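Scroll down for the structure; my scribbles are underneath it.
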Amino acid sequence: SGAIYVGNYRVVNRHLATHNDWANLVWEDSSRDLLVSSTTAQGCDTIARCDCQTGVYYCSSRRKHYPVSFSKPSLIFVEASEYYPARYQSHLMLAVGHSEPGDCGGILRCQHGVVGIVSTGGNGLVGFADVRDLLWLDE
Ligand SMILES: COc1ccncc1CC(=O)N1CCC[C@H](C(N)=O)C1
Ligand SMILES: [Zn+2]
């Protein structure tokens, strides 16, 4: 679990969105595993606007933060699950690092702010859904 709170938006994994998230839907994209819903309180997370390839992510299955080098956002094959058939997920960045399914939502951050959230993993790899291109999150 885990979300990004910026301004009047809440950003979560689309496969983990609640009824409230869908009833207050702003934008969703199955191909990116992202859903953004509206909120009444103001969020103070800063979204990074950069091309950083190093950062730190929170791993709930270990109650620890880990530093990682990660790839540039791209289309990566993701195996079938109870939420999606086997497909290419776009805007996905991989790193070598521990992750388990319940780790989705954990934030990835660089010196500039929030980069994205855990969305995929397996075999010593962890994948993060990028949010740095969603410029509208700030206005
Ligand atoms: C962080 O998740 C994992 C880590 C290790 N083994 C497994 C996982 C789980 C995983 O990869 N998923 C399941 C839920 C939907 C995901 C998606 N974006 O399509 C894919
Ligand atoms: Zn950065």
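Chain identifiers are assigned as A, B, and so on, following the order in which chains appear in the structure tokens; residues are numbered from 1 within each chain, and ligands are numbered from 1 in order of appearance.
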
Q | Those in chain A with strand (DSSP E or B) from DSSP, as number ranges by chain | A | A: 4-13, 25-29, 34-44, 47, 54-59, 64-69, 74-78, 87-96, 107-110, 113-122, 125-130

Q: Can you list, as an MDAnalysis selection string, all residues belonging to segment 9-77 of chain A that DSSP tags as alpha helix (DSSP H)?
A: chainID A and resid 19:23

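The neighbours of residue 41 of chain A here are the residues that come within 9 Å of it, using only C-alpha atoms and leaving out any residue fewer than 3 positions away in the same chain; they are residues 7, 8 and 9 of chain A.
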
Q: Identify, counting only C-alpha atoms and all ligand atoms, the protein, DNA and RNA residues located within 9 Å of ligand 1, and give them as a VMD selection string.
A: chain A and resid 13 to 16 30 to 34 78 to 89 92 98 to 105 118 to 129

Listing only residues of chain A within 12 Å of ligand 2, what is the closest atom pair and its distance in Å (to one decimal) for each, using only C-alpha atoms and all ligand atoms, sorted by chain and residue number ascending, as CSV?
```
residue,atom,partner,partner_atom_place_in_ligand_line,distance
A:46,CA,ligand 2,1 (Zn),11.0
A:47,CA,ligand 2,1 (Zn),9.2
A:48,CA,ligand 2,1 (Zn),5.6
A:49,CA,ligand 2,1 (Zn),6.6
A:50,CA,ligand 2,1 (Zn),4.8
A:51,CA,ligand 2,1 (Zn),6.2
A:52,CA,ligand 2,1 (Zn),4.4
A:53,CA,ligand 2,1 (Zn),7.6
A:54,CA,ligand 2,1 (Zn),7.9
A:55,CA,ligand 2,1 (Zn),7.7
A:56,CA,ligand 2,1 (Zn),10.7
A:69,CA,ligand 2,1 (Zn),11.9
A:70,CA,ligand 2,1 (Zn),11.7
A:108,CA,ligand 2,1 (Zn),10.3
A:109,CA,ligand 2,1 (Zn),7.5
A:110,CA,ligand 2,1 (Zn),4.6
A:111,CA,ligand 2,1 (Zn),5.5
A:112,CA,ligand 2,1 (Zn),4.3
A:113,CA,ligand 2,1 (Zn),6.5
A:114,CA,ligand 2,1 (Zn),8.1
A:115,CA,ligand 2,1 (Zn),7.1
A:116,CA,ligand 2,1 (Zn),10.9
A:130,CA,ligand 2,1 (Zn),11.7
A:131,CA,ligand 2,1 (Zn),11.7
A:132,CA,ligand 2,1 (Zn),9.1
```

Q. Excluding same-chain residues fewer than 6 positions from residue 20 of chain A, what lies within 10 Å of it counting only C-alpha atoms, as an MDAnalysis selection string?
A. chainID A and resid 37:39

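Straight-line separation from atom CA of residue 106 of chain A to atom CA of residue 1 of chain A: 6.8 Å.
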
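Put simply, atom CA of residue 2 of chain A is 15.8 Å away from atom CA of residue 19 of chain A.
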
Q.
Please determine, counting only C-alpha atoms, which residue among A:68, A:95, A:6, A:62 has the shortest atom-to-atom distance to residue 139 of chain A.
A.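 Under the stated criterion, the closest residue is A:6.
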